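K.L.:
Before we start, here is the structure in question, set down as structure tokens.
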Amino acid sequence: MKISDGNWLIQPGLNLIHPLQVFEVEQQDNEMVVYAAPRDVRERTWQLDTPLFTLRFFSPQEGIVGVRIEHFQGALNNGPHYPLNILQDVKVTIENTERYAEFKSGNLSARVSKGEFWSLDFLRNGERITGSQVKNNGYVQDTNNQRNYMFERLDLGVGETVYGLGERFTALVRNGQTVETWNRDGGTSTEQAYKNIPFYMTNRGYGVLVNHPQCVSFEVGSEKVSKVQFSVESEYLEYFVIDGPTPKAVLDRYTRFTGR
Amino acid sequence: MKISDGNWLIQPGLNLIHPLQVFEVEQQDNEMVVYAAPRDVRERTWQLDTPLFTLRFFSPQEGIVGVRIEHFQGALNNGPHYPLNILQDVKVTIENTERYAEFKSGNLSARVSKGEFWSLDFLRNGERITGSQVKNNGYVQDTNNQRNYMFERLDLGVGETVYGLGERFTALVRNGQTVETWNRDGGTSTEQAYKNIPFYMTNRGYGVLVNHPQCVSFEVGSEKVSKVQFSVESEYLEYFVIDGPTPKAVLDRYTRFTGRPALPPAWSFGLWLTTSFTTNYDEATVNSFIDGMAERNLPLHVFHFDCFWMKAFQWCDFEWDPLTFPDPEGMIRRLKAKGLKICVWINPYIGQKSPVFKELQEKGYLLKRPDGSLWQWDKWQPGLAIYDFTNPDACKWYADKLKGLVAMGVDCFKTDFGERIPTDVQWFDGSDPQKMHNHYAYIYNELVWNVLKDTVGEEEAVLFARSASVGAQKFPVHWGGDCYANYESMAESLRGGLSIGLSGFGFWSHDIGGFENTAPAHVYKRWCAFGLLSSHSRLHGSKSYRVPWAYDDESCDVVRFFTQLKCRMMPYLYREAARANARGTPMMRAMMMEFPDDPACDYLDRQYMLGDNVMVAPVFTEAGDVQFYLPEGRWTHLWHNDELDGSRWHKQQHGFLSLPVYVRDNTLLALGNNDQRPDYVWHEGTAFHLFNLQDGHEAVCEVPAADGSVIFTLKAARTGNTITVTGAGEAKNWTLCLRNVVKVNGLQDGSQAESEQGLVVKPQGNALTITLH
Amino acid sequence: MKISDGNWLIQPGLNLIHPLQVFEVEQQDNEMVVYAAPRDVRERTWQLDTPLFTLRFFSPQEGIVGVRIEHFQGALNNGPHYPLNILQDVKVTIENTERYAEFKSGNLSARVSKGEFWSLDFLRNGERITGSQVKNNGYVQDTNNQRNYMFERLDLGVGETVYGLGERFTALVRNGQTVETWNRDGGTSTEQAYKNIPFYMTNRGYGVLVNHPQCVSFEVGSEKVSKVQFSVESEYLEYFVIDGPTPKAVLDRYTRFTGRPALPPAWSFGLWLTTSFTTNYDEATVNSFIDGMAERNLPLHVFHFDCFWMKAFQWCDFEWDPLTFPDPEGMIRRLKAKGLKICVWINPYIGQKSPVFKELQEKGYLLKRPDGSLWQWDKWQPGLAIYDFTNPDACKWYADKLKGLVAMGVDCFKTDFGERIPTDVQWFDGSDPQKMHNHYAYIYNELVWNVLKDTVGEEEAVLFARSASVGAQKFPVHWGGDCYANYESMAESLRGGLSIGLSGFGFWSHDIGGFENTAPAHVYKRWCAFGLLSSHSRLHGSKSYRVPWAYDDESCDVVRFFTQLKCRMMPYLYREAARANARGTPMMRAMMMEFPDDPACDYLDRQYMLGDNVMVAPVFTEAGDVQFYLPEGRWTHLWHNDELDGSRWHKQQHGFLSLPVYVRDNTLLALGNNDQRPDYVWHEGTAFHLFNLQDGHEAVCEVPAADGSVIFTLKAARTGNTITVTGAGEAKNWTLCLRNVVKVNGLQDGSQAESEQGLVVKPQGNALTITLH
């Protein structure tokens, strides 16, 4: 789903807001909540007449970090939900310092930078395997059709190739392709797939599950060439980063999480 | 809403039908029904394939005539409706003649002409005060948007000016304007209004209330230059014409009809001071201000905690910010011990970030859309939702938070917001969303009022309310909202205040020195004078503090002078306050309401009567030039004691410790002996002041008890050169000052002493006769 | 047009950009150009990918500053344009400094603040009289309709009221009202106007013309309460600030700039009588009226033939109905031999039934649609088409027809209609249809006026014109259109006439007795007094005759009395009319224009000044009750000779031969000795009248010749109890009444006789001195 129009502009009729500044961090047992403003809210005068994102970091399994980014909590949100194996007591570490809010499960953490330069990073023993740069996630208000979406873009590094997203018949490596995760009867000869799964993995040894059984619209280095973009029509976005650090070890965690 | 297109044409796609011929009249016990055809139907061949209007005339109160004109009765007509006081038993006359069908209540009748020349006339003792000419009412079928409307246009005579319609900030006199009665959060500088009332009145001594809580579209000489047109999206139209025949008499009936302003506690009349809004504040800022006032001998009676008593983005979840205010109860106790009353900011919305939001969503206490999801937007707070006050459990929950704060020492509430209520929703009780928009402000304020009534008691209940709707005058103190720190906005605030009093509200405050922006000292000084000469006086700001020393030293002298003054005028002021409760006569009165026969007062909007006897003209310039008109009589400055002849305009210049504050002649005025506080024994130590008693006149002065009743009545009657002073009731240790009278021939039953304002007389044995030189 | 949604929000679908920071200031000879960014562009990184406004300040006349704010310059910007008088060599000053860019003409300057805090201020010798605050001007992109606009809001101070905007019939003072300048045929009873002019002035002594002939949407304190907002569908906005500092000086520059009222011939100041509209008339009816006037000794000067001088449904074809008017030339000679001038109705449309329509269609002289077919509808005439006055041959054809009527004895034309000009059309000259709509009224009246100028001569040219646009004031007599026969409509007409004089027009008439409906005698009688104390006086109606005997016997006396009076006032009146031509000072002046320093005059709209010296207050009630305000001075009733102290309101009762007509003090007024006609030798038999000459004052009276130049000046100067009287120029057999002065001490160079009005002096020897007792 096209959101930007090149580097400089945005698709006509789209109003974007982004999480840009940590306003508050709150540890809720073994989950970390980050409240994040779409503008500078350091002064009281700006602490009103603004949207606000609520981000929740949690861990359903060792070495999987779940990220929920949320706009309005008042929407309906009915099932079904994916058949996920979720533990309530995975051992995690939460570090809330002046500079960072870091949530860690096994060797994998999510870290949000406080202050002027927002950053969301996923680290494997303190080395960055991917992340979301400022303004690369948030809420899309589509003024043409009155629809609203949440979206993320996770970085791709040099030489990083993307695989999966179900049983597809286009080129094996996904970089360059758009994919809609929506089951169709289209044979084996087109971009359509009978068997869609909103999970991908890379040759950098992590994987990601976008936690949304509706259509998820993936722009796999097809909109921003060095990022995997996903968007979904929803008041919240939830996705899981799944550590490896090999493809086999990602699949091990992914099938522990979703079914053997 | 535009209906005609000039004199000759109709707006494209509008089809109109009007009542044009009386077909039948029927008296139904104490009501009159006129069936009216939109065409000639004398012949049976035309007594079919035509619409018919049904007009019903009735009286809910003496001298109020109700007019209900209906097209289809089959519409849903859901509530809420206005909290009207309707009597079943009002005595009326109905005459159904050959020529006319006539419905009369008190001095006021509605007459419809039968036969070829239809006419709907409103008569006072058989004289036409207004009315609807043929084709000036009826049904509009709007073929462009598939909506249907009922409308009326009531005539305006030569020199007839229109007032009211709520707290509005445009030109005082409404002739020329379009007004939509629809509450909005639009500031004080636009045509929008937080406080809409579909009631207007004219200088001809009648009012009219258009009995529709949804949006009424008034074209006040703005479509048809000599009629007030009103239209409403509805299958019926209902309105009340309310007889006077003075503005005060109109208001008396209107507030009998829709609700009397409650008498606020004497203490509310003192000086209020606020934290200000997005400024910084904790216990020590607060104490720093209370002490800063006391150090400077600046009386202070009420302190207000604004929005940041709660955690940001969690507004109106009622939880004290624990890092700013670690011990709320203790803090209130300390602040109250130095004699202060405490107010805290509240509103009827809540932001998603509050832990309490999820509680409220689970319980179904928040306003939902038709599909069952929450109504939410990002204005004011993120994921903001609205308390559904149609849900009885929701009301109890919110009322319980309030009882919670009261129990802890909170005396009163600023009921902010309440205007941007959405219509694309489903209320708990299934009300019509179009009527709920405005009625919400009433339900909200009523609930808060009732908490105070049930805890601190009725006599102690007071609010500081931003929005209002018909009936809300019962839950007093309304303030003029988010004004700016300059003279034009000071002026517009005043038009707002004059207007709200013309729409049924007895008490009115505004933000001294302006809410938004920081006033130059000179503006702050002028506004203080105005502020402390209004029913309620509050120092409050958006981005900066309103302590006088934030401006300059002289500012403290201004605050002290006029705070002292106001405390001293309390025996007069509180008696004028009982009148608002009794008669709906506002304390701050437009010149035309106090002097309705004087053609020079029609347009005055930069000056006012503060109660019956004192004219105040705030100074809206730095240099202090001010022009003001004085009605007939010889007026006396309240403290300068200089005199002016009236029936003319005057021009003066005043420093910051001064402004025109003139007393009418034939006036007897009670000042008090406490200049520190507004709530005291007014009937003890009282100093009376007699101003220019004319041969054959009586000046009467009623000093009130704490509950507003008259405890003591002093009268001074002049007959020749003899003035007989008679007291009645309870008063101790009082004096009487003959203003501008240096020497006297004789005195009976009192001693005299000289002062630079005039002779001071102390009574001893009652008769007190003073024979002038 | 609504831009903001209250103080905080903007209308949905609107995107706005404002000049917020000066980027560069460039002086271009006598013009100052400011480039202004819609955001901070102090840094190169922000000097791209942004809109930029270009503001150009220039001066077409001394004390007029032009302000042109542009967005894109590549729009077509086709004419027509207003007929502005633009000088190239006005002495200006341009100062470009660190803090300010300032452009000055005469006493008026525009000043832009550089740096962080944008401001546009209009200064009069360095004091702010108005201006534009940041974000109160710019570009509106309406994404709902894809229309684009330019806007401005100019500040209003405390107590500043707004007037003008054309002949409008709503409240006189504009505050609170929306006005769109778009000519319409709407009658006199609505917000619509036949004569729109996007020029307003205020009681602060400046005016503003918004230089756009297409619709200008004004919100006069109706969106922002302390601002006049004007917006226009354009890529640039241009407006002129016009210095005073008094209303009359504003109007002097305004009319120098857009056109001086021409000086009508003296005869047009007489009484006009009409055929009426849809009554019957042939030659016999016309003569019966005219002889009926003569028999009752009612002078009559002009006779008007309305629409049915032509055949029904052929209107605008200039052919005399041969069955109603078999010998037009011969009829007209007879009328002229009875002392009459002749006017006939015309308009700029033609119905399809006329044998002439086909000739005009074949020649291409009618307004066409873009496909080439004729624009037609059935309003007014069946298959009506419009003469396309951008086609030079069509102008000639219509001008030749009019020359034909003049050659037949017609003296002037009633230029009716001209307002409903459609925009879905292609003009012959390729004009912007949005600009032609209003400008058509100007081109139309110009063509007719030029015909008169080229036949009867400029000095003889007069019209009776219904519509108007900027500059059409050069083509006098404008009449107020289709009013109703009731007091409310009489009052609304007066508001229109006061407004038109406030908008640059010097002369103004209205239908005595109302147009539509038949006035009860009382109404007709009051209106007769009003019409004959207006610059131009015409008896005209829709469905009934307007001859006085048709109302009652007394109506004949009223017409007689007031016609005689007006003819006797001509020496005074014609001089005041010269003042309209020379300075654009209208004859009928709002109280506020004549007494700009009097705060009691701001809203006065039921009375007026007729010339410099006489206040007239029409009576608007059957019983004859009237209230009016008199400014400072001792005033004397023109014929009752009773005196009143000024600077206050008065209440009186007048019978039908009377109304308040009051002459200010220190006045020397000339009355003529012919009460049968307006056009006579004013300077012979002149009866001068001196009213309350105060010690230290001089009174001056200038008697005009027929061409408006002064032929004689008389002065009376009082030093102690000595009044010296000196006359200069040409005058014979004149006299001097010392009003309300029964007895003098002494008289040098004169004889003295008695009168009811006071001592009457006849001079001889000249030096003429009088000593008071």
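Note on naming: chains are A, B, ... as they come in the structure tokens, residues start from 1 per chain, ligands start from 1 in the order shown.
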Do me a favour and pick out the residues of chain A within 12 Å of chain C, using only C-alpha atoms, as a list in words.
P.N.:
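Residues of chain A within 12 Å of chain C, counting only C-alpha atoms: residues 8, 9, 12, 13, 49 and 143 of chain A.
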K.L.:
Give me the residues near segment 251-263 of chain C as a count of residues only, where near means some atom within 6 Å (using only C-alpha atoms) and where sequence neighbours in that chain fewer than 2 positions away do not count.
P.N.:
11
K.L.:
At a cut-off of 9 Å, using only C-alpha atoms, what residues contact segment 342-354 of chain B? Leave out same-chain residues fewer than 4 positions from it and give the result as JSON, numbers by chain.
P.N.:
{"A": [35, 52, 54, 72, 73, 74], "B": [274, 301, 302, 303, 304, 305, 306, 307, 308, 309, 311, 312, 313, 314, 315, 316, 317, 318, 332, 335, 336, 358, 366, 378, 380, 381, 382, 383, 384, 385, 386, 387, 388, 389, 398, 405, 409, 410, 411, 412, 413, 414, 415, 416, 417, 418, 444, 463, 464]}
K.L.:
Go ahead and write the selection's residues with C-alpha atoms as a PDB file, in the first residue's frame.
P.N.:
ATOM      1  CA  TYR A  35       3.763   6.733  25.487  1.00  0.00           C
ATOM      2  CA  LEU A  52      -0.588  10.061  21.332  1.00  0.00           C
ATOM      3  CA  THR A  54       0.863   3.841  23.166  1.00  0.00           C
ATOM      4  CA  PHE A  72      -7.466   4.510  19.503  1.00  0.00           C
ATOM      5  CA  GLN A  73      -8.372   1.748  22.042  1.00  0.00           C
ATOM      6  CA  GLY A  74     -12.120   2.378  21.590  1.00  0.00           C
TER       7      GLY A  74
ATOM      8  CA  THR B 274      -6.012  30.732  39.788  1.00  0.00           C
ATOM      9  CA  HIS B 301     -11.003  34.642  48.947  1.00  0.00           C
ATOM     10  CA  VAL B 302     -10.875  31.794  46.472  1.00  0.00           C
ATOM     11  CA  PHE B 303      -8.067  29.756  44.989  1.00  0.00           C
ATOM     12  CA  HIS B 304      -8.400  27.636  41.867  1.00  0.00           C
ATOM     13  CA  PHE B 305      -6.358  24.645  40.729  1.00  0.00           C
ATOM     14  CA  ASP B 306      -6.418  24.404  36.944  1.00  0.00           C
ATOM     15  CA  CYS B 307      -6.034  21.353  34.605  1.00  0.00           C
ATOM     16  CA  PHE B 308      -2.591  20.262  35.730  1.00  0.00           C
ATOM     17  CA  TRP B 309      -3.860  19.251  39.152  1.00  0.00           C
ATOM     18  CA  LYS B 311      -1.711  14.103  35.071  1.00  0.00           C
ATOM     19  CA  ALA B 312      -1.293  15.317  31.460  1.00  0.00           C
ATOM     20  CA  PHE B 313      -3.309  13.493  28.785  1.00  0.00           C
ATOM     21  CA  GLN B 314      -5.440  11.959  31.575  1.00  0.00           C
ATOM     22  CA  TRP B 315      -7.833  14.863  31.885  1.00  0.00           C
ATOM     23  CA  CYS B 316     -10.835  14.288  33.947  1.00  0.00           C
ATOM     24  CA  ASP B 317     -10.019  11.095  35.540  1.00  0.00           C
ATOM     25  CA  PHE B 318      -9.898  12.999  38.908  1.00  0.00           C
ATOM     26  CA  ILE B 332      -6.293  21.642  50.948  1.00  0.00           C
ATOM     27  CA  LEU B 335      -4.869  26.351  52.327  1.00  0.00           C
ATOM     28  CA  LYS B 336      -8.364  26.470  53.828  1.00  0.00           C
ATOM     29  CA  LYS B 358     -10.366   1.258  30.436  1.00  0.00           C
ATOM     30  CA  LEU B 366     -18.580   6.495  27.737  1.00  0.00           C
ATOM     31  CA  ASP B 378      -7.661  13.792  19.314  1.00  0.00           C
ATOM     32  CA  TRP B 380      -8.132  18.479  23.690  1.00  0.00           C
ATOM     33  CA  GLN B 381      -6.800  15.031  24.904  1.00  0.00           C
ATOM     34  CA  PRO B 382      -5.524  11.998  22.926  1.00  0.00           C
ATOM     35  CA  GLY B 383      -8.186   9.323  22.400  1.00  0.00           C
ATOM     36  CA  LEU B 384     -10.587  11.658  24.205  1.00  0.00           C
ATOM     37  CA  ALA B 385     -13.975  10.176  25.103  1.00  0.00           C
ATOM     38  CA  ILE B 386     -17.125  11.753  26.553  1.00  0.00           C
ATOM     39  CA  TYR B 387     -19.011  10.851  29.774  1.00  0.00           C
ATOM     40  CA  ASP B 388     -22.465   9.719  28.695  1.00  0.00           C
ATOM     41  CA  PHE B 389     -24.592  11.579  31.224  1.00  0.00           C
ATOM     42  CA  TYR B 398     -18.879  10.907  38.028  1.00  0.00           C
ATOM     43  CA  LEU B 405     -13.214  15.831  46.109  1.00  0.00           C
ATOM     44  CA  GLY B 409     -12.116  19.958  51.275  1.00  0.00           C
ATOM     45  CA  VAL B 410     -12.980  21.139  47.749  1.00  0.00           C
ATOM     46  CA  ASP B 411     -15.695  23.784  47.872  1.00  0.00           C
ATOM     47  CA  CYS B 412     -16.677  24.255  44.225  1.00  0.00           C
ATOM     48  CA  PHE B 413     -16.009  23.308  40.590  1.00  0.00           C
ATOM     49  CA  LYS B 414     -15.089  25.058  37.359  1.00  0.00           C
ATOM     50  CA  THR B 415     -17.243  23.146  34.857  1.00  0.00           C
ATOM     51  CA  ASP B 416     -15.178  23.777  31.796  1.00  0.00           C
ATOM     52  CA  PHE B 417     -15.957  22.585  28.238  1.00  0.00           C
ATOM     53  CA  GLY B 418     -19.156  20.686  27.434  1.00  0.00           C
ATOM     54  CA  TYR B 444     -23.555  18.271  32.931  1.00  0.00           C
ATOM     55  CA  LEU B 463     -19.850  26.790  39.861  1.00  0.00           C
ATOM     56  CA  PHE B 464     -17.652  28.455  37.201  1.00  0.00           C
TER      57      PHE B 464
END
K.L.:
Tell me the residues of chain C close to chain B, meaning within 6 Å using only C-alpha atoms, as an MDAnalysis selection string.
P.N.:
chainID C and resid 6:7 158 170:171 176:177 186:187 189:191 222:225 488 648
K.L.:
As a PDB file with C-alpha atoms, in the first residue's frame, please: the residues near residue 25 of chain B (cut-off 9 Å, only C-alpha atoms, same-chain neighbours under 2 positions excluded).
P.N.:
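Generated output (out29.pdb):
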ATOM      1  CA  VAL B  22     -58.419  29.875   8.486  1.00  0.00           C
ATOM      2  CA  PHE B  23     -60.489  26.843   7.714  1.00  0.00           C
ATOM      3  CA  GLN B  27     -61.351  25.645  21.540  1.00  0.00           C
ATOM      4  CA  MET B  32     -57.142  27.225  20.897  1.00  0.00           C
ATOM      5  CA  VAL B  33     -56.524  25.234  17.666  1.00  0.00           C
ATOM      6  CA  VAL B  34     -56.640  26.932  14.211  1.00  0.00           C
ATOM      7  CA  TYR B  35     -56.564  24.746  11.118  1.00  0.00           C
ATOM      8  CA  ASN B  96     -63.856  32.721  18.374  1.00  0.00           C
ATOM      9  CA  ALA B 101     -59.766  33.755  16.503  1.00  0.00           C
TER      10      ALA B 101
END
K.L.:
Determine the nearest neighbour of residue 520 of chain B from the options B:365, B:595, B:508, B:551, counting only C-alpha atoms.
P.N.:
B:551
K.L.:
Please provide the set of residues having any atom within 12 Å of residue 77 of chain A, restricted to only C-alpha atoms, with same-chain residues fewer than 4 positions apart removed, written as a list in words.
P.N.:
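Contacts, in chain order: residues 72, 73, 81, 212, 213, 214, 233, 234, 235, 236 and 237 of chain A; 372, 373 and 374 of chain B.
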K.L.:
One number please: atom CA of residue 592 of chain C to atom CA of residue 535 of chain C, in Å, one decimal.
P.N.:
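So the two atoms, atom CA of residue 592 of chain C and atom CA of residue 535 of chain C, lie 18.8 Å apart.
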K.L.:
Which residues in segment 328-545 of chain B does DSSP call strand (DSSP E)? List them as a list in words.
P.N.:
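Matching residues for strand (DSSP E) in segment 328-545 of chain B are residues 341, 342, 343, 344, 345, 346, 349, 350, 385, 386, 412, 413, 414, 415, 463, 464, 465, 478, 479, 508, 509, 510, 511, 536, 537, 538 and 539 of chain B.
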K.L.:
Could you pull the residues within 7 Å of residue 18 of chain A, counting only C-alpha atoms, minus those fewer than 3 positions along the same chain, as a ChimeraX atom specification?
P.N.:
/A:38,135,137-139
K.L.:
I need the residues of segment 496-666 of chain B that end up classed as helix (DSSP H, G or I) by DSSP on the backbone, written out as a PyMOL selection string.
P.N.:
chain B and resi 496-501+521-532+548-550+553-583+591-594+599-601
